[PDB]
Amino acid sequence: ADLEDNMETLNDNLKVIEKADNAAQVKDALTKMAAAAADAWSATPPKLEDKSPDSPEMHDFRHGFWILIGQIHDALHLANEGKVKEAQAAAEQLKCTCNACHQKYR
């Protein structure tokens, strides 16, 4: 659905990964994050409402999702390999991307 709901599922599932005991829990959480990130692709954030869909800001905004999506992808492979700690570490590294976009556009 909307940007806020997608952001909520990203946040909820990042916390799930942080507290996870097994690979299945991490895999499920990352799958849901992948779907939320993909669904958020086309959203226009409130702070960029006055800007063109083709503006440098909107391109940069969408670029952040490219980065997040790529990171979720790789973290899911690590989880699929049963590498819980490695996948959790990869999910922690996702935060740098979360935080970078929030700093600019939230």
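Note that residue numbering follows the sequence shown and begins at 1.
Stretches 22-30 and 46-54 differ in mean CA B factor, with 46-54 having the higher one.
Per-chain ranking of the deposited C-alpha B factor places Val84 in the highest third. Per the deposited record, the Cα B-factor of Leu3 falls in the middle third when ranked against the other modelled residues of its chain. Compared with the other modelled residues of the chain, the Cα B-factor recorded for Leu10 ranks in the lowest third.
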